[PDB]
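*Asks:* Below is the file target08.pdb, with PDB, N, CA and C atoms.
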```pdb
ATOM      1  N   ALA A 217     -12.823  16.259  -9.772
ATOM      2  CA  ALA A 217     -12.123  15.803  -8.533
ATOM      3  C   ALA A 217     -12.922  16.221  -7.303
ATOM      4  N   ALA A 218     -12.821  15.430  -6.247
ATOM      5  CA  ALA A 218     -13.499  15.682  -4.964
ATOM      6  C   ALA A 218     -12.517  15.343  -3.850
ATOM      7  N   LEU A 219     -12.221  16.316  -2.991
ATOM      8  CA  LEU A 219     -11.236  16.172  -1.901
ATOM      9  C   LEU A 219     -11.888  16.532  -0.572
ATOM     10  N   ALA A 220     -11.571  15.783   0.477
ATOM     11  CA  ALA A 220     -12.066  16.071   1.833
ATOM     12  C   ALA A 220     -10.972  15.793   2.859
ATOM     13  N   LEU A 221     -10.755  16.755   3.749
ATOM     14  CA  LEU A 221      -9.976  16.587   4.993
ATOM     15  C   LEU A 221     -10.945  16.777   6.163
ATOM     16  N   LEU A 222     -11.109  15.749   6.991
ATOM     17  CA  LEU A 222     -12.083  15.747   8.109
ATOM     18  C   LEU A 222     -11.366  15.372   9.413
TER      19      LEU A 222
ATOM     20  N   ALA B 217      -9.299  12.218   8.903
ATOM     21  CA  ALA B 217      -9.549  11.447   7.647
ATOM     22  C   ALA B 217      -9.219  12.312   6.435
ATOM     23  N   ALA B 218      -8.794  11.668   5.359
ATOM     24  CA  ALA B 218      -8.452  12.330   4.088
ATOM     25  C   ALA B 218      -8.991  11.462   2.958
ATOM     26  N   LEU B 219      -9.854  12.034   2.120
ATOM     27  CA  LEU B 219     -10.522  11.313   1.018
ATOM     28  C   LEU B 219     -10.268  12.041  -0.296
ATOM     29  N   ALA B 220     -10.036  11.290  -1.365
ATOM     30  CA  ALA B 220      -9.857  11.862  -2.710
ATOM     31  C   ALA B 220     -10.520  10.967  -3.752
ATOM     32  N   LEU B 221     -11.315  11.582  -4.620
ATOM     33  CA  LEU B 221     -11.811  10.980  -5.875
ATOM     34  C   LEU B 221     -11.205  11.779  -7.031
ATOM     35  N   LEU B 222     -10.423  11.121  -7.881
ATOM     36  CA  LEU B 222      -9.689  11.775  -8.992
ATOM     37  C   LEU B 222     -10.005  11.057 -10.310
TER      38      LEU B 222
ATOM     39  N   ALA C 217      -9.539   7.304  -9.893
ATOM     40  CA  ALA C 217      -8.838   6.847  -8.654
ATOM     41  C   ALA C 217      -9.638   7.265  -7.424
ATOM     42  N   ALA C 218      -9.537   6.474  -6.368
ATOM     43  CA  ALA C 218     -10.214   6.727  -5.085
ATOM     44  C   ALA C 218      -9.232   6.387  -3.971
ATOM     45  N   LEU C 219      -8.937   7.360  -3.112
ATOM     46  CA  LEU C 219      -7.951   7.216  -2.022
ATOM     47  C   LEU C 219      -8.604   7.576  -0.693
ATOM     48  N   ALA C 220      -8.286   6.827   0.355
ATOM     49  CA  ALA C 220      -8.781   7.115   1.712
ATOM     50  C   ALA C 220      -7.687   6.837   2.738
ATOM     51  N   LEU C 221      -7.471   7.799   3.627
ATOM     52  CA  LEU C 221      -6.692   7.631   4.872
ATOM     53  C   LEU C 221      -7.661   7.821   6.042
ATOM     54  N   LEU C 222      -7.825   6.793   6.869
ATOM     55  CA  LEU C 222      -8.798   6.791   7.988
ATOM     56  C   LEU C 222      -8.081   6.416   9.291
TER      57      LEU C 222
ATOM     58  N   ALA D 217      -6.014   3.262   8.781
ATOM     59  CA  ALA D 217      -6.264   2.491   7.526
ATOM     60  C   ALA D 217      -5.935   3.356   6.314
ATOM     61  N   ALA D 218      -5.510   2.712   5.238
ATOM     62  CA  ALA D 218      -5.168   3.374   3.967
ATOM     63  C   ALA D 218      -5.707   2.506   2.837
ATOM     64  N   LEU D 219      -6.569   3.078   1.999
ATOM     65  CA  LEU D 219      -7.238   2.357   0.897
ATOM     66  C   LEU D 219      -6.984   3.085  -0.417
ATOM     67  N   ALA D 220      -6.751   2.334  -1.486
ATOM     68  CA  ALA D 220      -6.572   2.906  -2.831
ATOM     69  C   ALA D 220      -7.235   2.011  -3.873
ATOM     70  N   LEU D 221      -8.030   2.626  -4.741
ATOM     71  CA  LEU D 221      -8.527   2.024  -5.996
ATOM     72  C   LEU D 221      -7.921   2.823  -7.152
ATOM     73  N   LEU D 222      -7.139   2.165  -8.003
ATOM     74  CA  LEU D 222      -6.404   2.819  -9.113
ATOM     75  C   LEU D 222      -6.720   2.101 -10.431
TER      76      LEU D 222
ATOM     77  N   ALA E 217      -6.254  -1.652 -10.014
ATOM     78  CA  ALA E 217      -5.554  -2.109  -8.775
ATOM     79  C   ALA E 217      -6.353  -1.691  -7.545
ATOM     80  N   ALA E 218      -6.252  -2.482  -6.490
ATOM     81  CA  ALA E 218      -6.930  -2.229  -5.206
ATOM     82  C   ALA E 218      -5.948  -2.569  -4.092
ATOM     83  N   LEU E 219      -5.652  -1.596  -3.233
ATOM     84  CA  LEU E 219      -4.667  -1.740  -2.143
ATOM     85  C   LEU E 219      -5.320  -1.380  -0.815
ATOM     86  N   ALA E 220      -5.002  -2.129   0.234
ATOM     87  CA  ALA E 220      -5.497  -1.841   1.591
ATOM     88  C   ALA E 220      -4.403  -2.119   2.617
ATOM     89  N   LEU E 221      -4.186  -1.157   3.506
ATOM     90  CA  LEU E 221      -3.407  -1.325   4.751
ATOM     91  C   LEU E 221      -4.376  -1.135   5.920
ATOM     92  N   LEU E 222      -4.540  -2.162   6.748
ATOM     93  CA  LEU E 222      -5.514  -2.165   7.867
ATOM     94  C   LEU E 222      -4.797  -2.540   9.170
TER      95      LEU E 222
ATOM     96  N   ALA F 217      -2.730  -5.694   8.660
ATOM     97  CA  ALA F 217      -2.980  -6.465   7.405
ATOM     98  C   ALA F 217      -2.650  -5.600   6.192
ATOM     99  N   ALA F 218      -2.225  -6.244   5.117
ATOM    100  CA  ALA F 218      -1.883  -5.582   3.846
ATOM    101  C   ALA F 218      -2.423  -6.450   2.716
ATOM    102  N   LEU F 219      -3.285  -5.878   1.878
ATOM    103  CA  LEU F 219      -3.953  -6.599   0.776
ATOM    104  C   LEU F 219      -3.699  -5.870  -0.538
ATOM    105  N   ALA F 220      -3.467  -6.622  -1.607
ATOM    106  CA  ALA F 220      -3.288  -6.050  -2.952
ATOM    107  C   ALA F 220      -3.951  -6.945  -3.994
ATOM    108  N   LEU F 221      -4.746  -6.330  -4.862
ATOM    109  CA  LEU F 221      -5.243  -6.932  -6.117
ATOM    110  C   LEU F 221      -4.637  -6.133  -7.273
ATOM    111  N   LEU F 222      -3.854  -6.791  -8.124
ATOM    112  CA  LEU F 222      -3.120  -6.137  -9.234
ATOM    113  C   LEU F 222      -3.436  -6.855 -10.552
TER     114      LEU F 222
ATOM    115  N   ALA G 217      -2.970 -10.608 -10.135
ATOM    116  CA  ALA G 217      -2.270 -11.065  -8.897
ATOM    117  C   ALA G 217      -3.069 -10.647  -7.667
ATOM    118  N   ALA G 218      -2.968 -11.438  -6.611
ATOM    119  CA  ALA G 218      -3.645 -11.185  -5.327
ATOM    120  C   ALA G 218      -2.663 -11.525  -4.213
ATOM    121  N   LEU G 219      -2.368 -10.552  -3.355
ATOM    122  CA  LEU G 219      -1.382 -10.696  -2.264
ATOM    123  C   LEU G 219      -2.035 -10.336  -0.936
ATOM    124  N   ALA G 220      -1.717 -11.085   0.113
ATOM    125  CA  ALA G 220      -2.212 -10.797   1.469
ATOM    126  C   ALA G 220      -1.118 -11.075   2.496
ATOM    127  N   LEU G 221      -0.902 -10.113   3.385
ATOM    128  CA  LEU G 221      -0.123 -10.281   4.630
ATOM    129  C   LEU G 221      -1.092 -10.091   5.799
ATOM    130  N   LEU G 222      -1.256 -11.118   6.627
ATOM    131  CA  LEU G 222      -2.229 -11.121   7.746
ATOM    132  C   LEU G 222      -1.512 -11.496   9.049
TER     133      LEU G 222
ATOM    134  N   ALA H 217       0.555 -14.650   8.539
ATOM    135  CA  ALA H 217       0.305 -15.421   7.284
ATOM    136  C   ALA H 217       0.634 -14.556   6.071
ATOM    137  N   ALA H 218       1.059 -15.200   4.996
ATOM    138  CA  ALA H 218       1.401 -14.538   3.725
ATOM    139  C   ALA H 218       0.862 -15.406   2.594
ATOM    140  N   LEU H 219       0.000 -14.834   1.757
ATOM    141  CA  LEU H 219      -0.669 -15.555   0.655
ATOM    142  C   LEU H 219      -0.415 -14.826  -0.659
ATOM    143  N   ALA H 220      -0.182 -15.578  -1.728
ATOM    144  CA  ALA H 220      -0.003 -15.006  -3.073
ATOM    145  C   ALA H 220      -0.667 -15.901  -4.115
ATOM    146  N   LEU H 221      -1.461 -15.286  -4.983
ATOM    147  CA  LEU H 221      -1.958 -15.888  -6.238
ATOM    148  C   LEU H 221      -1.352 -15.089  -7.394
ATOM    149  N   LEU H 222      -0.570 -15.747  -8.245
ATOM    150  CA  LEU H 222       0.165 -15.093  -9.355
ATOM    151  C   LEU H 222      -0.152 -15.811 -10.673
TER     152      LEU H 222
ATOM    153  N   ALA I 217       0.315 -19.564 -10.256
ATOM    154  CA  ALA I 217       1.015 -20.021  -9.018
ATOM    155  C   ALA I 217       0.215 -19.603  -7.788
ATOM    156  N   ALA I 218       0.317 -20.394  -6.732
ATOM    157  CA  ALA I 218      -0.361 -20.141  -5.449
ATOM    158  C   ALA I 218       0.621 -20.481  -4.334
ATOM    159  N   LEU I 219       0.917 -19.508  -3.476
ATOM    160  CA  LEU I 219       1.902 -19.652  -2.386
ATOM    161  C   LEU I 219       1.249 -19.292  -1.057
ATOM    162  N   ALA I 220       1.567 -20.041  -0.008
ATOM    163  CA  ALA I 220       1.072 -19.752   1.348
ATOM    164  C   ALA I 220       2.166 -20.031   2.375
ATOM    165  N   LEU I 221       2.382 -19.069   3.264
ATOM    166  CA  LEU I 221       3.162 -19.237   4.509
ATOM    167  C   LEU I 221       2.193 -19.047   5.678
ATOM    168  N   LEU I 222       2.029 -20.074   6.506
ATOM    169  CA  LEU I 222       1.055 -20.077   7.625
ATOM    170  C   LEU I 222       1.772 -20.452   8.928
TER     171      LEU I 222
ATOM    172  N   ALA J 217      10.550 -15.825  -9.183
ATOM    173  CA  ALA J 217      11.251 -16.282  -7.944
ATOM    174  C   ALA J 217      10.451 -15.864  -6.714
ATOM    175  N   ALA J 218      10.552 -16.655  -5.658
ATOM    176  CA  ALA J 218       9.875 -16.402  -4.375
ATOM    177  C   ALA J 218      10.857 -16.742  -3.260
ATOM    178  N   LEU J 219      11.152 -15.769  -2.402
ATOM    179  CA  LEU J 219      12.138 -15.913  -1.312
ATOM    180  C   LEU J 219      11.485 -15.553   0.017
ATOM    181  N   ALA J 220      11.803 -16.301   1.066
ATOM    182  CA  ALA J 220      11.308 -16.013   2.422
ATOM    183  C   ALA J 220      12.402 -16.292   3.449
ATOM    184  N   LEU J 221      12.618 -15.330   4.338
ATOM    185  CA  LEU J 221      13.397 -15.498   5.583
ATOM    186  C   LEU J 221      12.428 -15.307   6.752
ATOM    187  N   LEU J 222      12.264 -16.335   7.580
ATOM    188  CA  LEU J 222      11.291 -16.338   8.699
ATOM    189  C   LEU J 222      12.008 -16.712  10.002
TER     190      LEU J 222
ATOM    191  N   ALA K 217      10.790 -10.910   9.613
ATOM    192  CA  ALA K 217      10.541 -11.682   8.358
ATOM    193  C   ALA K 217      10.870 -10.817   7.145
ATOM    194  N   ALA K 218      11.295 -11.460   6.070
ATOM    195  CA  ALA K 218      11.637 -10.799   4.799
ATOM    196  C   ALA K 218      11.098 -11.666   3.668
ATOM    197  N   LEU K 219      10.235 -11.095   2.831
ATOM    198  CA  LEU K 219       9.567 -11.816   1.729
ATOM    199  C   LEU K 219       9.821 -11.087   0.415
ATOM    200  N   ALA K 220      10.053 -11.839  -0.654
ATOM    201  CA  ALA K 220      10.233 -11.267  -1.999
ATOM    202  C   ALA K 220       9.569 -12.162  -3.041
ATOM    203  N   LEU K 221       8.774 -11.547  -3.909
ATOM    204  CA  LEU K 221       8.278 -12.149  -5.164
ATOM    205  C   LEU K 221       8.884 -11.349  -6.320
ATOM    206  N   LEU K 222       9.666 -12.008  -7.171
ATOM    207  CA  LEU K 222      10.400 -11.354  -8.281
ATOM    208  C   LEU K 222      10.084 -12.072  -9.599
TER     209      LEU K 222
ATOM    210  N   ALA L 217       7.266  -6.869  -9.061
ATOM    211  CA  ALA L 217       7.966  -7.326  -7.823
ATOM    212  C   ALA L 217       7.167  -6.908  -6.593
ATOM    213  N   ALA L 218       7.268  -7.699  -5.537
ATOM    214  CA  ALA L 218       6.590  -7.446  -4.253
ATOM    215  C   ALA L 218       7.572  -7.786  -3.139
ATOM    216  N   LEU L 219       7.868  -6.813  -2.281
ATOM    217  CA  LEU L 219       8.854  -6.957  -1.190
ATOM    218  C   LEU L 219       8.201  -6.597   0.138
ATOM    219  N   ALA L 220       8.518  -7.345   1.187
ATOM    220  CA  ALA L 220       8.023  -7.057   2.543
ATOM    221  C   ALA L 220       9.117  -7.336   3.570
ATOM    222  N   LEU L 221       9.334  -6.374   4.459
ATOM    223  CA  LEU L 221      10.113  -6.542   5.704
ATOM    224  C   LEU L 221       9.144  -6.351   6.873
ATOM    225  N   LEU L 222       8.980  -7.379   7.701
ATOM    226  CA  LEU L 222       8.006  -7.382   8.820
ATOM    227  C   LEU L 222       8.723  -7.756  10.123
TER     228      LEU L 222
ATOM    229  N   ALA M 217       7.506  -1.954   9.734
ATOM    230  CA  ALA M 217       7.256  -2.726   8.479
ATOM    231  C   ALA M 217       7.585  -1.861   7.266
ATOM    232  N   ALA M 218       8.010  -2.504   6.191
ATOM    233  CA  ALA M 218       8.352  -1.843   4.920
ATOM    234  C   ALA M 218       7.813  -2.710   3.789
ATOM    235  N   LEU M 219       6.951  -2.139   2.952
ATOM    236  CA  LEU M 219       6.283  -2.860   1.850
ATOM    237  C   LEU M 219       6.536  -2.131   0.536
ATOM    238  N   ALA M 220       6.769  -2.883  -0.533
ATOM    239  CA  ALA M 220       6.948  -2.311  -1.878
ATOM    240  C   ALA M 220       6.285  -3.206  -2.920
ATOM    241  N   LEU M 221       5.490  -2.591  -3.788
ATOM    242  CA  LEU M 221       4.993  -3.193  -5.043
ATOM    243  C   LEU M 221       5.599  -2.393  -6.199
ATOM    244  N   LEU M 222       6.381  -3.052  -7.050
ATOM    245  CA  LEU M 222       7.116  -2.398  -8.160
ATOM    246  C   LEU M 222       6.800  -3.116  -9.478
TER     247      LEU M 222
ATOM    248  N   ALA N 217       3.981   2.087  -8.940
ATOM    249  CA  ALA N 217       4.682   1.630  -7.701
ATOM    250  C   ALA N 217       3.882   2.048  -6.472
ATOM    251  N   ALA N 218       3.983   1.257  -5.416
ATOM    252  CA  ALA N 218       3.306   1.510  -4.132
ATOM    253  C   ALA N 218       4.288   1.170  -3.018
ATOM    254  N   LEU N 219       4.583   2.143  -2.160
ATOM    255  CA  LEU N 219       5.569   1.999  -1.069
ATOM    256  C   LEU N 219       4.916   2.359   0.259
ATOM    257  N   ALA N 220       5.234   1.611   1.308
ATOM    258  CA  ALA N 220       4.739   1.899   2.665
ATOM    259  C   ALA N 220       5.833   1.620   3.691
ATOM    260  N   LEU N 221       6.049   2.582   4.580
ATOM    261  CA  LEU N 221       6.828   2.414   5.825
ATOM    262  C   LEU N 221       5.859   2.605   6.994
ATOM    263  N   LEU N 222       5.695   1.577   7.822
ATOM    264  CA  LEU N 222       4.722   1.574   8.941
ATOM    265  C   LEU N 222       5.439   1.200  10.244
TER     266      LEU N 222
ATOM    267  N   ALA O 217       4.221   7.002   9.855
ATOM    268  CA  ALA O 217       3.972   6.230   8.600
ATOM    269  C   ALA O 217       4.301   7.095   7.387
ATOM    270  N   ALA O 218       4.726   6.451   6.312
ATOM    271  CA  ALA O 218       5.068   7.113   5.041
ATOM    272  C   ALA O 218       4.529   6.246   3.911
ATOM    273  N   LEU O 219       3.666   6.817   3.073
ATOM    274  CA  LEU O 219       2.998   6.096   1.971
ATOM    275  C   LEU O 219       3.252   6.825   0.657
ATOM    276  N   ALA O 220       3.484   6.073  -0.412
ATOM    277  CA  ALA O 220       3.664   6.645  -1.757
ATOM    278  C   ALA O 220       3.000   5.750  -2.799
ATOM    279  N   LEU O 221       2.205   6.365  -3.667
ATOM    280  CA  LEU O 221       1.709   5.763  -4.922
ATOM    281  C   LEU O 221       2.315   6.563  -6.078
ATOM    282  N   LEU O 222       3.097   5.904  -6.929
ATOM    283  CA  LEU O 222       3.831   6.558  -8.039
ATOM    284  C   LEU O 222       3.515   5.840  -9.357
TER     285      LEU O 222
ATOM    286  N   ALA P 217       0.697  11.043  -8.819
ATOM    287  CA  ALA P 217       1.397  10.586  -7.580
ATOM    288  C   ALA P 217       0.598  11.004  -6.350
ATOM    289  N   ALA P 218       0.699  10.213  -5.294
ATOM    290  CA  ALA P 218       0.021  10.466  -4.011
ATOM    291  C   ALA P 218       1.003  10.126  -2.897
ATOM    292  N   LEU P 219       1.299  11.099  -2.038
ATOM    293  CA  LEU P 219       2.285  10.955  -0.948
ATOM    294  C   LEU P 219       1.632  11.315   0.381
ATOM    295  N   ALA P 220       1.949  10.567   1.429
ATOM    296  CA  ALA P 220       1.454  10.855   2.786
ATOM    297  C   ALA P 220       2.548  10.576   3.812
ATOM    298  N   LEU P 221       2.765  11.538   4.701
ATOM    299  CA  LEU P 221       3.544  11.370   5.946
ATOM    300  C   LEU P 221       2.575  11.561   7.116
ATOM    301  N   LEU P 222       2.411  10.533   7.943
ATOM    302  CA  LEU P 222       1.438  10.530   9.062
ATOM    303  C   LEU P 222       2.154  10.156  10.365
TER     304      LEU P 222
ATOM    305  N   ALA Q 217       0.937  15.958   9.977
ATOM    306  CA  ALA Q 217       0.687  15.186   8.721
ATOM    307  C   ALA Q 217       1.016  16.051   7.509
ATOM    308  N   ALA Q 218       1.441  15.407   6.433
ATOM    309  CA  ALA Q 218       1.783  16.069   5.162
ATOM    310  C   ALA Q 218       1.244  15.202   4.032
ATOM    311  N   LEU Q 219       0.382  15.773   3.194
ATOM    312  CA  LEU Q 219      -0.286  15.052   2.092
ATOM    313  C   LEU Q 219      -0.033  15.781   0.778
ATOM    314  N   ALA Q 220       0.200  15.029  -0.291
ATOM    315  CA  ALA Q 220       0.379  15.601  -1.636
ATOM    316  C   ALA Q 220      -0.284  14.706  -2.678
ATOM    317  N   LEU Q 221      -1.079  15.321  -3.546
ATOM    318  CA  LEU Q 221      -1.576  14.719  -4.801
ATOM    319  C   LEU Q 221      -0.970  15.519  -5.957
ATOM    320  N   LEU Q 222      -0.188  14.860  -6.807
ATOM    321  CA  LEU Q 222       0.547  15.514  -7.918
ATOM    322  C   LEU Q 222       0.231  14.796  -9.236
TER     323      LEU Q 222
ATOM    324  N   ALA R 217      -2.588  19.999  -8.698
ATOM    325  CA  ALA R 217      -1.887  19.542  -7.459
ATOM    326  C   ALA R 217      -2.687  19.960  -6.229
ATOM    327  N   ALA R 218      -2.586  19.169  -5.173
ATOM    328  CA  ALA R 218      -3.263  19.422  -3.890
ATOM    329  C   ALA R 218      -2.281  19.082  -2.776
ATOM    330  N   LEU R 219      -1.986  20.055  -1.917
ATOM    331  CA  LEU R 219      -1.000  19.911  -0.827
ATOM    332  C   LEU R 219      -1.653  20.271   0.502
ATOM    333  N   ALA R 220      -1.335  19.522   1.551
ATOM    334  CA  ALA R 220      -1.830  19.811   2.907
ATOM    335  C   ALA R 220      -0.736  19.532   3.933
ATOM    336  N   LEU R 221      -0.520  20.494   4.823
ATOM    337  CA  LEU R 221       0.259  20.326   6.067
ATOM    338  C   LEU R 221      -0.710  20.517   7.237
ATOM    339  N   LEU R 222      -0.874  19.489   8.064
ATOM    340  CA  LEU R 222      -1.847  19.486   9.183
ATOM    341  C   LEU R 222      -1.130  19.112  10.487
TER     342      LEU R 222
END
```
Mind turning this structure into C-alpha cells?
*Replies:*
Amino acid sequence: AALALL
Amino acid sequence: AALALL
Amino acid sequence: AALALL
Amino acid sequence: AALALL
Amino acid sequence: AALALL
Amino acid sequence: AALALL
Amino acid sequence: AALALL
Amino acid sequence: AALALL
Amino acid sequence: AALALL
Amino acid sequence: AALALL
Amino acid sequence: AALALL
Amino acid sequence: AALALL
Amino acid sequence: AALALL
Amino acid sequence: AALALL
Amino acid sequence: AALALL
Amino acid sequence: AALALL
Amino acid sequence: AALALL
Amino acid sequence: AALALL
C-alpha cells in the first residue's frame, strides 16, 4: 500500500 | 490532496 | 485499487 | 475532483 | 470499475 | 461532471 | 455499463 | 446531459 | 441499451 | 427500468 | 432533476 | 441500480 | 447533488 | 456501492 | 461533500 | 471501504 | 476533512 | 486501516 496526504 | 494505492 | 481526492 | 479505479 | 467526480 | 465505467 | 452526467 | 450505455 | 437526455 | 423527472 | 436506472 | 438527484 | 451506484 | 453527496 | 465506496 | 467528509 | 480506508 | 482528521 502507498498513501499520501499533501 | 489525498492519494491511495491499495 | 487507486483513489485520489484533488 | 474524486477519482477511483477498483 | 472506474469512477470520476469533476 | 460524474462518470462511471462498471 | 458506462454512465455520464455532464 | 445524462448518457447511459447498458 | 443506449439512453440520452440532452 | 429508466425514470427521469426534469 | 431526478434520474433512476433500475 | 444508478440514482441521481441534481 | 446526491448520486448512488448500487 | 458508491455514494456521493455534493 | 461526503463520499463512500463500500 | 473508503469514506471521505470534505 | 475526515478520511477512512477500512 | 488508515484514518485522518485534517
*Asks:* When the PyMOL selection byres (((chain C and resi 218 and name CA) around 6) and name CA) is applied to the structure above, which residues does it catch, written out as a PDB file with N, CA and C atoms, in the frame of the given file?
*Replies:*
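In the end it all went to part-v7.pdb:
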```pdb
ATOM      1  N   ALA B 220     -10.036  11.290  -1.365  1.00  0.00           N
ATOM      2  CA  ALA B 220      -9.857  11.862  -2.710  1.00  0.00           C
ATOM      3  C   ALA B 220     -10.520  10.967  -3.752  1.00  0.00           C
ATOM      4  N   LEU B 221     -11.315  11.582  -4.620  1.00  0.00           N
ATOM      5  CA  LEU B 221     -11.811  10.980  -5.875  1.00  0.00           C
ATOM      6  C   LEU B 221     -11.205  11.779  -7.031  1.00  0.00           C
TER       7      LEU B 221
ATOM      8  N   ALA C 217      -9.539   7.304  -9.893  1.00  0.00           N
ATOM      9  CA  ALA C 217      -8.838   6.847  -8.654  1.00  0.00           C
ATOM     10  C   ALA C 217      -9.638   7.265  -7.424  1.00  0.00           C
ATOM     11  N   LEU C 219      -8.937   7.360  -3.112  1.00  0.00           N
ATOM     12  CA  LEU C 219      -7.951   7.216  -2.022  1.00  0.00           C
ATOM     13  C   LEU C 219      -8.604   7.576  -0.693  1.00  0.00           C
TER      14      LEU C 219
ATOM     15  N   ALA D 220      -6.751   2.334  -1.486  1.00  0.00           N
ATOM     16  CA  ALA D 220      -6.572   2.906  -2.831  1.00  0.00           C
ATOM     17  C   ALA D 220      -7.235   2.011  -3.873  1.00  0.00           C
ATOM     18  N   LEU D 221      -8.030   2.626  -4.741  1.00  0.00           N
ATOM     19  CA  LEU D 221      -8.527   2.024  -5.996  1.00  0.00           C
ATOM     20  C   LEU D 221      -7.921   2.823  -7.152  1.00  0.00           C
TER      21      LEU D 221
END
```
*Asks:* State, in Å with one decimal place, the distance from atom C of residue 222 of chain R to atom C of residue 222 of chain N.
*Replies:*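 Going from atom C of residue 222 of chain R over to atom C of residue 222 of chain N, I get 19.1 Å.
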*Asks:* Padding of 3 Å on every side, edges along x, y and z, all listed atoms of chain J included: what centre and edge lengths in Å, to one decimal, does that box have, as JSON?
*Replies:*
```
{"center_x": 11.6, "center_y": -16.0, "center_z": 0.4, "size_x": 9.5, "size_y": 7.4, "size_z": 25.2}
```
*Asks:* Could you pull out the strand (DSSP E or B) residues of chain C from DSSP and send them as a short mmCIF file (atom, residue, chain, number, x, y, z; two decimals) with N, CA and C atoms, in the frame of the given file?
*Replies:*
```cif
data_model
loop_
_atom_site.label_atom_id
_atom_site.label_comp_id
_atom_site.auth_asym_id
_atom_site.auth_seq_id
_atom_site.Cartn_x
_atom_site.Cartn_y
_atom_site.Cartn_z
N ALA C 218 -9.54 6.47 -6.37
CA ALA C 218 -10.21 6.73 -5.08
C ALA C 218 -9.23 6.39 -3.97
N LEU C 219 -8.94 7.36 -3.11
CA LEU C 219 -7.95 7.22 -2.02
C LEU C 219 -8.60 7.58 -0.69
N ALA C 220 -8.29 6.83 0.36
CA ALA C 220 -8.78 7.12 1.71
C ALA C 220 -7.69 6.84 2.74
N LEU C 221 -7.47 7.80 3.63
CA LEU C 221 -6.69 7.63 4.87
C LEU C 221 -7.66 7.82 6.04
#
```
*Asks:* Because some atoms of chain E are absent here, can you restore N, CA, C and O atoms and send them as an mmCIF file, keeping the file's coordinate frame?
*Replies:*
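The result, written out as part_9.cif:
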```
data_model
loop_
_atom_site.group_PDB
_atom_site.id
_atom_site.type_symbol
_atom_site.label_atom_id
_atom_site.label_comp_id
_atom_site.auth_asym_id
_atom_site.auth_seq_id
_atom_site.Cartn_x
_atom_site.Cartn_y
_atom_site.Cartn_z
ATOM 1 N N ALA E 217 -6.254 -1.652 -10.014
ATOM 2 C CA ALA E 217 -5.554 -2.109 -8.775
ATOM 3 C C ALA E 217 -6.353 -1.691 -7.545
ATOM 4 O O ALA E 217 -6.995 -0.629 -7.561
ATOM 5 N N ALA E 218 -6.252 -2.482 -6.490
ATOM 6 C CA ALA E 218 -6.930 -2.229 -5.206
ATOM 7 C C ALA E 218 -5.948 -2.569 -4.092
ATOM 8 O O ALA E 218 -5.442 -3.698 -4.069
ATOM 9 N N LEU E 219 -5.652 -1.596 -3.233
ATOM 10 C CA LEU E 219 -4.667 -1.740 -2.143
ATOM 11 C C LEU E 219 -5.320 -1.380 -0.815
ATOM 12 O O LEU E 219 -6.045 -0.366 -0.754
ATOM 13 N N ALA E 220 -5.002 -2.129 0.234
ATOM 14 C CA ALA E 220 -5.497 -1.841 1.591
ATOM 15 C C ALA E 220 -4.403 -2.119 2.617
ATOM 16 O O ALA E 220 -3.751 -3.166 2.550
ATOM 17 N N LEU E 221 -4.186 -1.157 3.506
ATOM 18 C CA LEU E 221 -3.407 -1.325 4.751
ATOM 19 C C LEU E 221 -4.376 -1.135 5.920
ATOM 20 O O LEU E 221 -4.962 -0.042 6.041
ATOM 21 N N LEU E 222 -4.540 -2.162 6.748
ATOM 22 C CA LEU E 222 -5.514 -2.165 7.867
ATOM 23 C C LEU E 222 -4.797 -2.540 9.170
ATOM 24 O O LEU E 222 -3.720 -3.175 9.217
#
```
